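Asker: Give the three-dimensional model of this entry:
(chains A and B, ligands or ions: 4)
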2 protein chains.
Amino acid sequence: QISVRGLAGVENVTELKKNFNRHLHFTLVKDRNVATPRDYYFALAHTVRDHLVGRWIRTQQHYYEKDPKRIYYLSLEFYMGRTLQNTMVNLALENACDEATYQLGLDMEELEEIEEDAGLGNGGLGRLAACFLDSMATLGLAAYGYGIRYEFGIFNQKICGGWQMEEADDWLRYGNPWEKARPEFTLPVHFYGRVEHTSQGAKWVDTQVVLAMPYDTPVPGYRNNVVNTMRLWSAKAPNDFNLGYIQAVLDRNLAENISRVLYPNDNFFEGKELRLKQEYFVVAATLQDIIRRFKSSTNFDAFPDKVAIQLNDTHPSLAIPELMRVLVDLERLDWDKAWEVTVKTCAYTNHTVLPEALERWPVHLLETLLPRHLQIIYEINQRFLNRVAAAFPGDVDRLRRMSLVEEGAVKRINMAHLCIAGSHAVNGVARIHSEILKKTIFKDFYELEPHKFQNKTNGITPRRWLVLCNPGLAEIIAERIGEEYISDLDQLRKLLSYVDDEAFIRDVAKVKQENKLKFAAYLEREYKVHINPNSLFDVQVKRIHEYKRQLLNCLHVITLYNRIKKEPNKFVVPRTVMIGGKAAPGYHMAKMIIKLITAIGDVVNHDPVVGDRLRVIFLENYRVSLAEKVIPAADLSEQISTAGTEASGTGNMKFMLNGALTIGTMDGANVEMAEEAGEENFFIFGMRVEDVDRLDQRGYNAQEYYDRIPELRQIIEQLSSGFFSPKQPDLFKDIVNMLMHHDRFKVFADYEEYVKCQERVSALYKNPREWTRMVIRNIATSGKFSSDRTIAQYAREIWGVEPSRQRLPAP
Amino acid sequence: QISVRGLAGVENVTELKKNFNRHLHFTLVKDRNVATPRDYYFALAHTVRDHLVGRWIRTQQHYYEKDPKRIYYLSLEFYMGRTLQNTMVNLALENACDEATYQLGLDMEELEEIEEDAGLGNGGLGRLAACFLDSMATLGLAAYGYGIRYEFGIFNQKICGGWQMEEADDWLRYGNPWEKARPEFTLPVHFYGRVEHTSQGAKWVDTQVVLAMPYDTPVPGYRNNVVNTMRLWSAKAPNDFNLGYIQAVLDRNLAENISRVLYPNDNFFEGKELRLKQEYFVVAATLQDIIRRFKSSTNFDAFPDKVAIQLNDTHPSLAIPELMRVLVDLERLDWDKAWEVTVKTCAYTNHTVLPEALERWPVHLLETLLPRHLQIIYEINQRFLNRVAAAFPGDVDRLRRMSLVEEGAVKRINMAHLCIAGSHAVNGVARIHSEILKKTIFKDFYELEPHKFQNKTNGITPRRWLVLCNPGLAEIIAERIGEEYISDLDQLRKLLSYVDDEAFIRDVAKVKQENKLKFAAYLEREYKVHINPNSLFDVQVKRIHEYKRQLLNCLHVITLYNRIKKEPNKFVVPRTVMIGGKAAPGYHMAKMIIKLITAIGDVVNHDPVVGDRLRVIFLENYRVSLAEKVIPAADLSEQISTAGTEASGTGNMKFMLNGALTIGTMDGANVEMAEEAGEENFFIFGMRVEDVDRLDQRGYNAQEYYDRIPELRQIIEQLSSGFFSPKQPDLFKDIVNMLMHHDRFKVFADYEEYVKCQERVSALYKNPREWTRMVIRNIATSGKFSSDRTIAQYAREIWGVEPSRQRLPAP
Ligand SMILES: OC[C@H]1O[C@@H](NC(=S)N/N=C/c2cccc(Cl)c2)[C@H](O)[C@@H](O)[C@@H]1O
Ligand SMILES: OC[C@H]1O[C@@H](NC(=S)N/N=C/c2cccc(Cl)c2)[C@H](O)[C@@H](O)[C@@H]1O
Ligand SMILES: OC[C@H]1O[C@@H](NC(=S)N/N=C/c2cccc(Cl)c2)[C@H](O)[C@@H](O)[C@@H]1O
Ligand SMILES: OC[C@H]1O[C@@H](NC(=S)N/N=C/c2cccc(Cl)c2)[C@H](O)[C@@H](O)[C@@H]1O
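Answerer: Numbers count the residues shown, from 1 in each chain, chains lettered A, B, ... in the order given. Ligands and ions are numbered 1, 2, ... in the order given. Provided below are the atomic coordinates:
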């Protein structure tokens, strides 16, 4: 049907049909009379997966023969979403499968909807790991993702009476066709025990053993025949475990709980023993696998030439003392050589500056669980602080600030400090974020070792986030500039030549309208909600957090409602305001914010005077597959975090690529997006980081804003008095109290500028030609935000490897 | 190579080779350079399993179109063993696969050894269910086995310092190719709650819900293209289960524990809540599935014409009140009609007379777990006792004896009484056992309803237990009489014509020698033990129980050792005495018996004066795959239970079919075996049931035997003084004490007769021609003991259906 989806040759279509029927019969044990739509999905999944096998075997064979430097990306989160369409895209099978299924009397898009998301992450950090794997395969790097195979991923969100309810994400229930169990590579992981000192060094003894069983998932590059591996570990009890008899068998669950469930906190640290066990489990199993593969190439001098380990935040920070443990205790290297190898091998990426998100593990936990690692950490700290002392003699406060060991009621280990000491490179994830790291939280470390600090601005893969989710846009672009841009996104700059092209303008606007129509229909069908597709689609989707300021959005929504009620017969640009995102289960304020949003909808959506000029919808169960639907449909992207709080953002980049304009603060990657597009093509408002700092110095007084802004006062009085909760008049008192007395994120301080900026958005939307021309200018300058660019920079500046766009031989 | 293993045609071999290579590549993601022997097993398993698919689909399609009466065999145990060879045998693929793998450079027998036993049973009862499924498929019955898919089957037994250690049987670790998950047929099972009475009857409310997910395993008939289904249920928590957040997800294990592990007690009742939950789980899920299938054919009058439910012991006895519950509470039938339907649908098989093996559930357990079922049971009891009262007016003690409710400290429900009341047929499993049921434990019930009581003597499948495990014997038989005997075992009578045939005599003896050589080699390789293959192979393999009298065997072994030591230079027929079997983990005396056996071996096997004239070996981890190896190798089968205690035995039949002679008491099926073969062709000894009864009446005094038999006195003095445990002189005091003061099974009473009978065995073994002629007379009369005969009798006399030997069309 459309060109970028590849060829549908008669030989291919005939073959796909044959193999689909073979799988339905032999694999699924069904015939067409009893087969359910789920059976059809599986038959198609197996048919497509068959095409990966040869390429996967020969990619891995290739790395063995050429022995390149291998990259190991360690993460506790890989937010993969669905795999079927992505695989078809990367193998150029989409049109062929579409035709083959059509001839079998099936709708492929209907089959695609059956697949469960692999929701093995919370939000931005987990999704970044996924985009990164796609880019590493597309750039021909010998890369492996290593993580945990959670039995339960991020919970499914249900909204009941306007409140979030959590439901277990039992994603493996029907079996996962996109994994291959590798029980032959099962490895032991050790916990507890004690340290014994012998004539020849320390020994870690009397440990409990949990087995780590690997499951491999293929990661196909874009049409280059490369298939890399994501290896995820599952926890298994040994067979002699706890071995009255019945209870011993039932108690195997205690060991196996390690890989049971993903912790649902993003940007918040909870010091629970189970989480610590998860972090060590992935690290211990992975490092053994890395060392085994390296030996199959005695002398660890060449280890850093053949191995790079990337730590995705501090979650796998135990890699540093674990590598030391293996090199010193097991391989018998001297400390200084082991340390040199470790530093040159490891690099660390920081993803946040919020103090409550930093991992600070109580010493007593590490003492019981990982006694040898605590000893190694103490030694690392002593030698590091000896270096600080020599560089800054007499500066005793620097010594306390820089220590890996934090003093207080409970002694804690600062894992970020451990990562900096033990890594040759430390990076932030957007220019402003990386600068903040050097000037504030890690200032002391930057002064000691300035060469370690780098920036690597985040990106997204334009395979999933354009070709897959927005084929209509991909196609109209391809018609003008060809297909090369899909793996060289900078080519989108060529679209600047078409900004005055009447045909292109019409086509861009038409694709958006179609996307909005499709999404308005998705809403009615699956959620029985009725929206006006002619309205401006105003979208804020991301995890619910005070710093992300969904609350500021709420205030604007109520302002618009109040203005309409004040002057009902005045024209306003119609809007559909969509907010979605999950709240961490224990985060009370985030749960209240969801309830507020739905409560506002309850009032606004049923007011006869408003009509269809304003609708407020909460998008339930926001996840990767939902993002793929809503992002192409959006007109306005809300990126409104308080300046200095969103490290990068990546949702922002997705909207830019897909033809929405952005309203945002100068925070995270927004800064670089505005710089790429031109500030005149962006809706910037609000305090800069410097303004926030000024306000903090004299002190933030919310009352001042309340006193000076009558429209703001009205809203607060409506919230307090029970206008949005007539049955429970005091329901939102916690929210009002926080805003008035305890607001870390200065919601009121940006209110006036935000509302004014929103007026300017409405003005532009009244002029479809000019709206669309600004859109073209955004899409045309989105090239920098490809994760291909990001990964090429990691490769050259951190890992010491060259990317390659060259094809591997096919069959 | 050998004829009974089928044809190896060039087309077939070429095709098998192609598909084997396809599976290694696409299914296993391996090539020949990295493939392990386990990979090769799986490639072969998938290749063979592909051949089942068409036959399985069309068998089930056939039953849907013809709508025959369906047979549902409910069991908590299905002791299946390995599946690969059995499938090849039944599909006539053995020689073709042997050739195909040979040409690929592989040894198929080596690949077969990789498969794990499906050890979903304890011993005889579980293995009977397995033989039954094979026979039902071979006889073309529309039969389904229903059970539980235990994550852990019977434990693997390790012997450490002569003591049994238990290890978890993690049989699903590598994945099970012989199952297909059917999550689309998942059903809810209810627990706890309370009963509410409305204007229109009772309602069971406020229940907790566990999901039952079915897994289907094919059961192929012997070369008739029939493939029946064994459906096993797995426990799954609902997604909203317990739904701080982390703990709620981890607590899903509590629901899912229902299908985690097989209870390892055979012939012993333990009233644990988890076991009760297992029993209801299988019953509730199965009955829903049965009813659903029946409705897909309003009026339940025809239910018993279309449905038979066979209860394998009392373990699924809750089927009776569950059927009533559904018919009365959900379908709104009147009580009397529901009861008529229930009785006509259900039949019950009893497998033991030991009082400690009978299920007697405490009322307080049923009250909490299954409140509605307890009410139904009370009502069943009231109406039943009203019938007893009318038949036997004034007989108040009969009323107390026959009640389903037992009085005492704790009120209990007698499940066997429930089964008799609610079934149209009750059978024992050998003639003597069925007679004992009528004369003793169920005498009162037999007097009330004599028509309900039947006998169905047990059998074994001659596919697994001859063709599969003993191809050499199967072949020499086939050479004389053709192949028809494999599904018509009575044809073995034709071998009586060959009892004087010198060629046949030589061939029978040669096959035994080869089997013994192969087993003597298996022992050296896997267990580093050295046995003389010229010795008489004296074998007792079965679960360890006092009633089975492994202890009597021990006494004979020590007698032989003592006699040798007394007259070292006298000739004795050399013996290898092999004992094996698992002890239930909580059965202390059975654990001591294992320790005694190994302790005797420790003395006997290292005494230079004995040489190779006597060896005592404990066979570790006795299970189905081990039985397939040892049984063909045996010369003498030990079946030495106290008369009246072994309901049938089935191991006895296996040895008979495979060319061993039997030393045994007139107990269980031994009686019918001796009757078939002729008592002159059997080594019968010891008390009959009548003699045991006489002894009980005057009282059993072990001291009398000790006082009168000097050889027995010596043995007891050796045990007591520490001759067999020099470091722990008192180790066996518990055993001595039991024998002397508390022996329920009268070990001493049969000692003299046993020893004398063993002398007669040795005498015959000195004459190879006459030994072998008696063997031929045993094999020739083993036909009655085919489970094909057993199932044909169930079919005609209980289920009301005709067996069919006719082929279904192939492809
Ligand atoms: O279908 C359910 C089961 O599938 C199994 N996969 C098998 S047998 N082959 N895969 C082959 C294959 C081939 C190409 C790509 C990939 Cl990604 C896999 C998995 O090991 C198991 O964990 C899972 O439960
Ligand atoms: O770099 C990718 C993205 O990373 C996000 N960080 C996230 S989701 N961290 N989760 C941290 C976390 C997660 C679990 C536990 C703990 Cl203790 C911390 C940033 O907020 C976002 O600006 C950026 O675009
Ligand atoms: O290989 C491991 C997995 O295999 C799956 N089987 C699948 S996908 N097809 N089977 C087809 C089939 C075909 C013929 C006979 C039989 Cl018996 C099965 C099982 O559902 C799953 O529980 C198991 O873990
Ligand atoms: O009919 C087949 C065989 O059945 C055997 N019975 C066995 S293994 N019962 N287990 C009963 C059992 C098992 C678990 C729990 C409880 Cl509470 C009882 C008989 O002992 C044997 O003579 C006969 O040949």
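Asker: Give me the longest strand you can find in chain A.
Answerer: strand A:208-220 (DSSP state E).
Asker: who's in contact with residue A:110?
Answerer: Going by CB atoms under 8 Å, 6 or more residues apart in numbering or on different chains, residue A:110 touches residue A:37. Heads up, the C-betas are built off the backbone N, CA and C, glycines and all.
Asker: now do residue A:104
Answerer: Residues near residue A:104 by CB under 8 Å, 6+ apart: A:17, A:20, A:21.
Asker: Which of the residues you listed fall within helices?
Answerer: A:17, A:20, A:21 (DSSP state H).
Asker: Pipe those into CSV and attach distance to residue B:533 and neighbour count per row.
Answerer: Formatted as CSV, these follow (distance: CB to CB, whole Å; neighbours: other CB atoms under 10 Å in any protein chain shown):
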residue, distance to residue B:533, neighbour count
A:17, 59, 18
A:20, 56, 21
A:21, 54, 15
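Asker: Same list (the residues you listed) but as a markdown table, adding distance to ligand 3.
Answerer: Shown next, in a markdown table, are those (distance: CB to the nearest ligand atom, whole Å):
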| residue | distance to ligand 3 |
| --- | --- |
| A:17 | 20 |
| A:20 | 15 |
| A:21 | 15 |
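Asker: any idea which of those residues is closest to ligand 2?
Answerer: Nearest to ligand 2 out of those is residue A:20 (CB to the nearest ligand atom; 38.3 Å).
Asker: So that closest one sits against residue A:43, correct?
Answerer: Yes. Using CB atoms under 8 Å, residue A:20 makes contact with residue A:43 at a distance of 5.2 Å.
Asker: Would you mind naming what in chain A lies close to ligand 1?
Answerer: A:49, A:52, A:53, A:175, A:176, A:177, A:178, A:179, A:180, A:181, A:217, A:218 (CB under 6 Å from any ligand atom).
Asker: From what I see, residue A:331 and residue A:298 are in contact.
Answerer: No. The pair residue A:331 and residue A:298 does not pass the contact test of CB under 8 Å, sitting 9.3 Å apart.
Asker: okay, the two: which has more neighbours?
Answerer: Of the pair residue A:331 and residue A:298, residue A:331 is the one with more neighbours under other CB atoms under 10 Å in any protein chain shown, namely 14 against 6.
Asker: who's in contact with the residue nearest to the more buried one when sequence neighbours are not counted?
Answerer: Leaving aside its chain neighbours, residue A:331 sits nearest to residue A:300 (6.7 Å; criterion: CB to CB, 6 or more residues apart in numbering or on different chains). By CB under 8 Å, 6+ apart, the contact set of residue A:300 is A:327, A:331, A:333, A:337, A:338, A:341.
Asker: Please tell me how far residue A:300 sits from ligand 1.
Answerer: 33 Å (CB to the nearest ligand atom, to the nearest Å).
Asker: biggest helix in chain A, by residue count?
Answerer: helix A:502-527.
Asker: Give the pairing partners of the very next helix or strand once past that one; include direction for each.
Answerer: Per DSSP states H and E, helix A:502-527 leads on to strand A:536-541 as the next helix or strand towards the C-terminus. Partner strands and pairing direction for strand A:536-541 (DSSP bridges) are strand A:575-580 (parallel), strand A:636-639 (parallel).
Asker: how many other residues sit next to the nearest residue to residue A:162 once chain neighbours are set aside?
Answerer: In this structure, residue A:162 finds its nearest non-sequential neighbour in residue A:598, 3.6 Å apart by CB to CB, 6+ apart. As a burial measure, residue A:598 scores 19 neighbours (other CB under 10 Å).
Asker: Phi, psi for residue A:598 please.
Answerer: When read as degrees, to the nearest 10, the backbone of residue A:598 gives phi -70, psi -30.
Asker: List the buried residues for stretch A:61-81?
Answerer: Neighbour-count burial for stretch A:61-81 flags A:62-63, A:69-81 (criterion: 16 or more other CB atoms under 10 Å in any protein chain shown).
Asker: Which of those sits closest to residue B:231?
Answerer: Nearest to residue B:231 among the buried residues of stretch A:61-81 is residue A:80, at 33.5 Å by CB to CB.
Asker: quick one: the residue of the stretch 51-200 of chain A found nearest ligand 2 from residue A:312, how far?
Answerer: The nearest approach of the stretch 51-200 of chain A to ligand 2 comes at residue A:124, 3.1 Å away (CB to the nearest ligand atom). Distance check for residue A:124 against residue A:312: by CB to CB, to the nearest Å, it reads 11 Å.
Asker: higher neighbour count, the two?
Answerer: residue A:124 (25 against 22).
Asker: Not counting sequence-adjacent ones, nearest residue to the more buried one?
Answerer: residue A:650 (5.3 Å).
Asker: so what strands line up beside the longest strand of chain A?
Answerer: Listed by DSSP bridges, the sheet partners of strand A:208-220 and their directions read strand A:180-181 (antiparallel), strand A:187-191 (antiparallel), strand A:227-236 (antiparallel).
Asker: Put together a markdown table for those, with distance to residue B:211 and mean neighbour count on each row.
Answerer: What follows is these, written out as a markdown table (distance: least, CB to CB, whole Å; neighbours: other CB atoms under 10 Å in any protein chain shown):
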| stretch | distance to residue B:211 | mean neighbour count |
| --- | --- | --- |
| strand A:180-181 | 24 | 18 |
| strand A:187-191 | 32 | 17 |
| strand A:227-236 | 22 | 23 |
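Asker: Kindly reformat the ones you listed as CSV containing distance to residue B:580.
Answerer: Output for the strands paired with strand A:208-220, formatted as CSV (distance: least, CB to CB, whole Å):
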stretch, distance to residue B:580
strand A:180-181, 33
strand A:187-191, 32
strand A:227-236, 29
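Asker: Ligand 4 versus the residue in the stretch 151-300 of chain A positioned nearest to ligand 2, what's the distance?
Answerer: At 3.7 Å from ligand 2, residue A:269 is the closest residue in the stretch 151-300 of chain A, using CB to the nearest ligand atom. Noted for residue A:269: a distance of 51 Å to ligand 4, by CB to the nearest ligand atom.
Asker: how about that residue, secondary structure?
Answerer: Classification of residue A:269 using DSSP: H, G, I helix; E, B strand; the rest coil returns coil.
Asker: wait, it sits on residue A:356?
Answerer: Yes. Using CB under 8 Å, residue A:269 makes contact with residue A:356 at a distance of 6.3 Å.
Asker: And these two? Which one has more around it.
Answerer: Counted by other CB under 10 Å, residue A:269 and residue A:356 do not tie: residue A:269 has more neighbours, with 17 against 11.
Asker: Can you name the residues that contact the residue of chain A found nearest ligand 3?
Answerer: Distances between chain A and ligand 3 by CB to the nearest ligand atom are smallest at residue A:29, namely 4.8 Å. Listed by CB under 8 Å, 6+ apart, the contact partners of residue A:29 are B:53, B:56, B:57, B:180.
Asker: Just checking the distance from whichever strand or helix holds the third one to the centre of its chain.
Answerer: Read it as residue B:57. Assigned by DSSP H and E, residue B:57 falls within helix B:53-66. Centroid separation between helix B:53-66 and its chain, computed with CA atoms, centre = their mean, to the nearest Å, is 29 Å.
Asker: Tell me which other helices or strands the next helix-or-strand element following it touches.
Answerer: With elements assigned by DSSP H and E, the helix or strand that comes after helix B:53-66 is strand B:70-74. Under the contact criterion of 3 or more CB pairs under 8 Å, 6 or more residues apart in numbering or on different chains; DSSP states H and E, strand B:70-74 touches helix B:124-138, strand B:143-148, helix B:273-295, strand B:307-312.
Asker: Now distance to ligand 4 too, for those, in TSV please.
Answerer: Formatted as TSV, the helices and strands packed on strand B:70-74 follow (distance: least, CB to the nearest ligand atom, whole Å):
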stretch	distance to ligand 4
helix B:124-138	3
strand B:143-148	13
helix B:273-295	8
strand B:307-312	9
